[PDB]
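Asker: Okay, handing you the structure first.
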Amino acid sequence: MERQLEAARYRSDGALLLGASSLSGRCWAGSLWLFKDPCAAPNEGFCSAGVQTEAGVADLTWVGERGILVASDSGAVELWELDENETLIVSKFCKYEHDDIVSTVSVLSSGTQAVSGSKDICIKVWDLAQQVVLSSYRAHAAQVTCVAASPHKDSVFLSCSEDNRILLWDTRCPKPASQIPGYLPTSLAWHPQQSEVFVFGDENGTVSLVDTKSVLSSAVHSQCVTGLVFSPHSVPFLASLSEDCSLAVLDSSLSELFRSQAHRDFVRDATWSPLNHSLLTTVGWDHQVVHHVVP
Amino acid sequence: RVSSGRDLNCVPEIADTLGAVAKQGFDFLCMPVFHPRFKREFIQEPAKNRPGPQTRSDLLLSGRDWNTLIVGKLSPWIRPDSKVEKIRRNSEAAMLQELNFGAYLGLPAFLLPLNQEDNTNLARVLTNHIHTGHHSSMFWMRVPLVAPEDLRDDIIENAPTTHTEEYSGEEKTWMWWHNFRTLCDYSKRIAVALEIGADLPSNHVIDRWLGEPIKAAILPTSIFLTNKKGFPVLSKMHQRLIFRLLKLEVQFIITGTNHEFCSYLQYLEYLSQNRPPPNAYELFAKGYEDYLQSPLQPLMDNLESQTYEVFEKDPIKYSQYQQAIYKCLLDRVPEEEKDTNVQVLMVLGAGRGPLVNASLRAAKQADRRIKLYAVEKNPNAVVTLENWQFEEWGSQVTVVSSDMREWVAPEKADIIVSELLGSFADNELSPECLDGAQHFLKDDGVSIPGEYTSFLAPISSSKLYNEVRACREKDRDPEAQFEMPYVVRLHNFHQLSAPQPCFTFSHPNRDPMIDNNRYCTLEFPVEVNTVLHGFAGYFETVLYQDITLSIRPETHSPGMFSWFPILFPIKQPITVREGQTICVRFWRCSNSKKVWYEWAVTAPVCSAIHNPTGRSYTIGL
Amino acid sequence: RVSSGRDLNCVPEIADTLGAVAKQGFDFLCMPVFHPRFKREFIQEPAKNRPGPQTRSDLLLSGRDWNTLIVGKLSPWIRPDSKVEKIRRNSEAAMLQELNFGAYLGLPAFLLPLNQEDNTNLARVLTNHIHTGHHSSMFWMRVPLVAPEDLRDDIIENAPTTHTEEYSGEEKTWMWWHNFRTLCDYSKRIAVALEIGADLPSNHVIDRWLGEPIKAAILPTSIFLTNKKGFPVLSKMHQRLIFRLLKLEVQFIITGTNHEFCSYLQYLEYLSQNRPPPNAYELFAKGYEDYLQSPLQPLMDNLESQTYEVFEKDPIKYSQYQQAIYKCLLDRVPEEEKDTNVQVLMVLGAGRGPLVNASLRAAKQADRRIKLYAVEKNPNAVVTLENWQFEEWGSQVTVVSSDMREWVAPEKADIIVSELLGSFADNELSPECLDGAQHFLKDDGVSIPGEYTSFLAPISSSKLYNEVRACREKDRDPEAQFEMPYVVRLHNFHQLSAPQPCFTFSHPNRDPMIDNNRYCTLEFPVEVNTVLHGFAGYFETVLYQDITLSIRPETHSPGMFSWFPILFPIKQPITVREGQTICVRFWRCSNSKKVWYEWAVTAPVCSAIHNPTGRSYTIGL
Amino acid sequence: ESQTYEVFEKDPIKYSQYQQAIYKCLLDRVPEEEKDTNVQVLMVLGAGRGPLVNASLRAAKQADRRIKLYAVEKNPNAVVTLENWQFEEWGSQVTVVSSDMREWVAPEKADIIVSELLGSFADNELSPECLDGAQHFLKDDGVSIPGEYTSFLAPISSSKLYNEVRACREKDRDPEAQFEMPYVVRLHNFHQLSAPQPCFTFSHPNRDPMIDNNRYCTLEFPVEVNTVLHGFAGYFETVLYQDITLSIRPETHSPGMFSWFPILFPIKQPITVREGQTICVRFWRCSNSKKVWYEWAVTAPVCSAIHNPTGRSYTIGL
Ligand SMILES: Nc1ncnc2c1ncn2[C@@H]1O[C@H](C[C@@H](N)CC[C@H](N)C(=O)O)[C@@H](O)[C@H]1O
Ligand SMILES: Nc1ncnc2c1ncn2[C@@H]1O[C@H](C[C@@H](N)CC[C@H](N)C(=O)O)[C@@H](O)[C@H]1O
Ligand SMILES: Nc1ncnc2c1ncn2[C@@H]1O[C@H](C[C@@H](N)CC[C@H](N)C(=O)O)[C@@H](O)[C@H]1O
Ligand SMILES: *c1cnn(CC(=O)Nc2ccc(C)c(S(N)(=O)=O)c2)c(=O)c1Cl
Ligand SMILES: *c1cnn(CC(=O)Nc2ccc(C)c(S(N)(=O)=O)c2)c(=O)c1Cl
Ligand SMILES: [Cl-]
Ligand SMILES: [Cl-]
Ligand SMILES: [Cl-]
Ligand SMILES: [Cl-]
Ligand SMILES: [Cl-]
């Protein structure tokens, strides 16, 4: 396995998906790993399934229970699917549509389509069954940092970029995007219940709560907010992770509940366990998989 | 041969990647020297103490491969002009680190982007790296013809794209470059990597880039259309731009994914194969493109043997002199007087004898009788003339080893033939020499040339400005290089206005007072925004009636390579806006020992008077 | 290949002569450019008005043939130093005329004789021609090893030849040259054409010519003896001199009548074929003969990847470090403690890792256990080290990215291994670096190297003096080039006295006060007349006990090309007579930021103190 | 030299302002009940020939508080003056230290550190680097006098000064190094084109994990007139203690204080500016372990070259 762990995502049953890259040394490749025993992660000998990808993993997501969609350094969006026994990760498609690194992927609410963003400044909507790009949108003016699909509206998604824009998308309109002059937006997360609410993180460590129809703000980190993940609870908590190497858990008013400085390098992803809702897993470039007991 | 490179942001294995790139037909590879996503901390703990290695080893390729096949790239997250202090400081440290690693590897070039208006701090960190050691490696500033904000799809309902015309706004990207290279003080090591898009801008936007140091053109795979056969091709509009870039001998860079690569390169090779071949002038001028030379002074200095041989290689110059002599003999001697009237011809500044031979061919063509005198001050050229006179010419030609202005002639001349012209007509002192030889021309006699006129045209050329500045030399004024003309085959430049006449001289000079001093004001309308770096000089001469010679580009004598244009530079570049008039003043000055030029720009802004009192440049009498 | 020319005073037809000369195997022809007997008048009538041509035409050969195959000769009657005013003035005019004709033809070289003591006016006319234009062509001063007055047969009864010994008088011909080139101010365009005679002078007379710009050796046909077979050959005494001239890569000139020419050339080719071939050092040094380089500063500057690769090409340096480490491990750990005692080894300035590998090979050779630390301040070299540590070394080696003097070590060292030496031992600041790393060496610990010593030797080299002077550059003191050392593969020079020790440093430095400043006076006996141009610097180091490294020529480590000598120049050349002592003073100076050297000659004449306060040269701490 | 310190000592305002700042600090640090038992350790850092040592003693007798004084001075020639004044007048109350602030190992921590290391651009004599190096021996609740200083810039027009800078070309150096260095000058024949604005600020003691004295500042100067820009005038303000300040900023200039004239940062080429246009200037404070320097560039209405890249024409030795 490669040192720089990039993604950590639990599926319904509780198996942990991991995405990794080697961002230094001789070979700059990547890998996907499935851990049915998450406490065994990141050990390679005690994993359920694993595969090496051609290039580094910039981002990934679960497509249902079997599929794994990947945002690659190569410019390809790749779909890998588990074996019938769930002991092999096998490629289904590797489509090279972006002209630069694919920095972010997000499965749309239907589970049949995906949005990818890139350094080539394009956003592409994909039909995952046909293995083709339905639409391509050059709305931003600089590299796309984050794309987040609406949890329940299949035609709706958010995107943010280095051009200092957060765009609300509705693919049913002729001009499908709309802007929502602060610091650059760097992370996005829709509220799991409030269909018109979302949070965003900025390059200056601030986390902000936004209402799409119509705000709340808090200085959470001392560096870029890399990710924002809501808990699976009735009234959710918000896991905030940064390049300052810390993890924070915030309440509905963005006030701090928990804080971990366990990681010795950048915290890359956070995932809440579906089994124990107070168990939050985080991965970082220090090759650590940390399991937090969140009050 | 078109020199092409592959641009990649993804290099899993360097050796496997470079081989595939070589197998596709590319001459070099642009790639990251650190992983583009591997962001680094230099101030804050614990990330600051990340265990290494920080990147892949220099040992993965040979020294020669790093030196010749690899163009380095700045990591995309490096933003020295970020508004967040922390990002700006890590980005300064990371930019120096990556640049120092490229220097360590001995890379021939490194790519840095200009993708926003404010790059002041990027320029400051680059300038400081350039002033650390003594290296020759190049920094290629990756700048698009069209800014990305002006290229985005009109799909944001509450932020529409500007639909009106912004003449200066459509060329905002040239100002991004102009400012960057002005802050870096025109470093010879900072050049342009022009990124071309699917939709080309207006012609004026492309025209800005005239006279700029373009070293590479980046062609994305998305700008290539597919023909019926299935091979990649470009629109006529893009082919036109590629042909202009091939004249500048840029390196082509293919970026983006394949939408079999050697195919895109074979298309570029076909375009390079299919274009006008080099003419007689362009074959002679090969190698001399923008090479600055000091104008020759045949009066003050004695020309070498190989300089005259180069003068003699021009077939057009002499056939034009022969024709002017031929016409003059027919008009001066009627058919009835043919065999009794012997016309006295004097070649003034005969060199090694090509105008003496042209005069004899003209006499046998005209079927008229001539007595020839070959006057030449260069004693070394007189050895050639006196040997040719013994072996071939005989008594028909009398060789005179003298200065035109001092010689006491045995009889008056009917015709005086001379070729004392420079690239600015009168800069080799043809007026002073011919005035001094005038008294021995008989009262109804003719001078060939009878007239000559010089022309000036304002130019923009950041390359030539920098080449002139490079001519600073010890033991002289630190700005004397900008106060003197250069003979140069002008190539990487922009002529900002049509050439206009400057000074004219007529021979023989029939005027009681003969003053060769001149003062001329020229008003040049410019229909574009630009930067003035100097004035190009050319000339026209009337040899006899309709027989002429010209290096004025609009009327250039075909196949004549005896004179390249002259460049009068300016110490400081002058900004000029579309619609403004460039006003220039030129003086021809002299004393009993020296002749010189002074010049000054008076509109849109004043310059200093260049070469006051001939302090930097004179032409010895 | 030996480059040879034919010298002739008789050329009836230039084309027929040049062809016969080429058919004989000669690369060029020295010939008169005007007929040697055709004496010319420039003042007095009627001879002043002699009808031309004055010589043969430039048109008889191509430009390339004049430029590459012809060496011009001054006419024998030209005597600018004649006591008759009329001869002196016609000779000045004729000399300028002939030289200007050679310039016109584009000749690569021109021969002028030094055949008497007073050539002041010849020098004045040459100097004035050299300051007329901007040319690269050479003037070869034809000077004999033995003056013709000292070579004449003792056959004049009332004027016998001096039978006694005149040490300074036997070398009068070198003074003829020395004075000529001093009046001409060491022009780069004035070189020597040494004329060799049948009877060679004493060795000291030949030795004068050491370090002089000899470009050609003229061998008369009369110095060749005939072997039994009938082929031409030379005495062992002349063969010896030819072998010394072949090291200087001079051009050979055959003069006089045939007493079949390609035979004399085949003899010279056989001598060139039969001589010691280039060794490992001489093959590496090929091209670098007398090339002046600035010494590297690895502390202040970060070395490039290809500099370390060049350091790594030296097989002797590392095998000597391995052996010193191997011996130290056996002496520090007895055979009974072998598998329990782990010696802490610290490579201080590890570069790309060759001393780390030598330490591991030494441990496996000694069969002892070691814990290694590789400390390196260059971050670019640390990328190499950290990749080699992951792929090969593992936990046995811990890489430290730090400055030796700032690093806080986790444990004390048993051995510290470094290679921080320059060509003058301590000029890369090995003393300051190792003093700063001393505290983390345990009380009984060893430093490899334990000691180093620098050496100086006075030198004579008019070529190097002129190469240093050529390094004047704008925006700095006009004599800063003479106040700084150069790394140079010294070739065309004369070592005037044996090298003597200058400064010594020992490691670890066990002294309450540690002062790296030094002051040294050296007295150099010279057994010859000469001109001092600078001092050559070398060094010796004791790595461990009897394991050493040396570039001192008398004890030079065989096949080690990591360091060329250093040259400390002097602003003004200093005359030294046989028996006189050259006294030199060297200072090693410093402050908290810079280290530098000052030097001064105090006998036989004082010089200025060179580099006061480090004004021209410092070594950054 | 001796006569430079004598000129520094001719300023009555500078020292009476330092005395008052010390006086206020002693009253705030030692309450009236502790008056005769609490001895405050005062350290004059860069004591020169002793005028701040005397101001500290006058402040202690004014405040009616007890002090232990240390006079640290690196100039050995100025130490001769201090050691003679200590024998003849001060006595054991003052201990003279012949040392560099940054190298000195103090016998005890300081309550107050008093320094006057400021230049005409505040930090151009390296007050930040010196005081950072003397910081460790200030006790955790200790005060630095000055506690703060700020520099200011203002664009100027002066064809006379442009010509005086150009006149400073000298042999054996870059032919334009004179335009890439600041000058102290009593600015007279000039036009201030816009109000002065703050450039760099430093605070003492510096309580921050990372201490970086490097700076980068962008200033936008609205000009309400047509003119030609020839350089920037530099001034400064310092907070000695609370409301006790010193200033050479023309709008708030301390009355009768002639210790500092303004500084001038020139530009190689004059820049035309029209009424309504904004002059945009960028200033950098740069350093390495041996030198500190400034770089500057005009970016609006026209770009200039970056002046003094890498300290090539001008450095301030550490
Ligand atoms: N005042 C003068 N008197 C005589 N010859 C002159 C004078 N000024 C220039 N010349 C010669 O005129 C020639 C000018 C050349 N540019 C032309 C060479 C020749 N007529 C040709 O066409 O090849 C040179 O050979 C000069 O040395
Ligand atoms: N004070 C220092 N601390 C750490 N490394 C240093 C120091 N001074 C010099 N060096 C390094 O020591 C090395 C000296 C080199 N001449 C030798 C390179 C290497 N040991 C070899 O033999 O190939 C360079 O790699 C320097 O960068
Ligand atoms: N790092 C340092 N350590 C000790 N003294 C210093 C240091 N830097 C500067 N100084 C001294 O501090 C003084 C600064 C002067 N501008 C002021 C002199 C004096 N305090 C007065 O007001 O008259 C000089 O006497 C310097 O030599
Ligand atoms: C690689 C290299 N070369 N070829 C041949 C190729 O691409 N030829 C080519 C290119 C462009 C055009 C327009 C045409 S044409 N004259 O047929 O129109 C042909 C390859 O095929 C590869 Cl894969
Ligand atoms: C022209 C060119 N070459 N040769 C051959 C020749 O001269 N060979 C030669 C030269 C010198 C010596 C000493 C000897 S040896 N080894 O036989 O002693 C041979 C010619 O004969 C001509 Cl004419
Ligand atoms: Cl430059
Ligand atoms: Cl001819
Ligand atoms: Cl010279
Ligand atoms: Cl190695
Ligand atoms: Cl005092």
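FYI, residue positions are counted from 1 along the chain as it appears here.
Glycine too: its Cβ is placed from the backbone N, Cα and C atoms.
Straight from Swiss-Prot, here's the annotation block:
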ACT_SITE  B:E419  active site, proton donor/acceptor
ACT_SITE  B:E428  active site, proton donor/acceptor
BINDING   B:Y308, B:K317, B:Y318, B:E376, B:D403, B:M404  S-adenosyl-L-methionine binding site
BINDING   B:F311, B:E419, B:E428  protein binding site
DOMAIN    B:292-599  domain 'SAM-dependent MTase PRMT-type'
REGION    B:449-621  region 'Beta barrel'
REGION    B:472-478  region 'Dimerization'
SITE      B:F311  site 'Critical for specifying symmetric addition of methyl groups'
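Quick one: where do these features end up spatially?
Answerer: Secondary structure from DSSP puts B:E419 (active site, proton donor/acceptor) in coil. The Cβ of B:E419 (active site, proton donor/acceptor) lies under 8 Å from the Cβ of B:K317, B:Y321, B:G349, B:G351, B:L355, each of which sits 6+ residues away along the same chain.
Under DSSP, B:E428 (active site, proton donor/acceptor) is assigned to coil, being neither helix nor strand in the three-state scheme.
On its own chain, B:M404 (S-adenosyl-L-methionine binding site) has B:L348, B:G349, B:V375, B:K377, B:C433, B:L434, B:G436, B:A437 as residues at least 6 apart in sequence with a Cβ closer than 8 Å to its own Cβ. In this structure, B:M404 (S-adenosyl-L-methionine binding site) belongs to neither helix nor strand by DSSP; it is coil.
Around the Cβ of B:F311 (protein binding site), the number of neighbouring Cβ atoms within 10 Å comes to 18.
Each residue in the region 'Dimerization' (B:472-478) gets a DSSP state, and the totals come to 0 helix, 0 strand, 7 coil.
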Asker: Using a Cβ cut-off under 8 Å, which residues of the same chain at least 6 positions beyond either end of the region 'Dimerization' (B:472-478) come close to it?
Answerer: 615-616
Asker: Beyond the listed site residues B:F311, B:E419, B:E428, identify every same-chain residue whose Cβ lies within 8 Å of the center of their Cβ atoms for the protein site.
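Answerer: Near the protein site, beyond B:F311, B:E419, B:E428, sit B:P298, B:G349, B:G351, B:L420, B:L421, B:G422, B:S562.
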Asker: Rank the binding-site residues B:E376, B:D403 by the number of other Cβ atoms within 10 Å of each Cβ and report the first-ranked residue.
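Answerer: Answer by Cβ density within 10 Å: B:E376.
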Asker: Taking the Cβ of B:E428 (active site, proton donor/acceptor) as the centre, how many other Cβ atoms fall within a 10 Å radius?
Answerer: 23
Asker: Does B:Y308 (S-adenosyl-L-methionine binding site) have same-chain partners at least 6 apart in sequence with Cβ under 8 Å from its own Cβ, and which are they?
Answerer: B:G351, B:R352, B:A381, B:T384
Asker: Could you state the CA-to-CA distance between B:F311 (protein binding site) and B:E376 (S-adenosyl-L-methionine binding site) to the nearest Å?
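Answerer: Distance between the two Cα atoms comes out at 16 Å.
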Asker: Helix, strand or coil by DSSP: which one applies to B:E376 (S-adenosyl-L-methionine binding site)?
Answerer: strand
Asker: Just checking, which of B:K317, B:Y318 (binding-site residues) has the fewest C-beta atoms within 10 Å of its C-beta?
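Answerer: If we count Cβ atoms within 10 Å for the binding-site residues B:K317, B:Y318, the smallest count is at B:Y318.
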Asker: Could you say whether, by DSSP, B:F311 (protein binding site) belongs to a helix, a strand or a coil region?
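Answerer: SS state of B:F311 (protein binding site) = helix.
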Asker: Do any of the recorded positions B:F311, B:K317, B:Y318, B:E376, B:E419 touch ligand 1, in the sense that the CB is under 6 Å from one of its atoms?
Answerer: B:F311, B:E376, B:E419
Asker: Between the Cα atoms of B:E428 (active site, proton donor/acceptor) and B:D403 (S-adenosyl-L-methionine binding site), find the distance and write it as a whole number of Å.
Answerer: 14
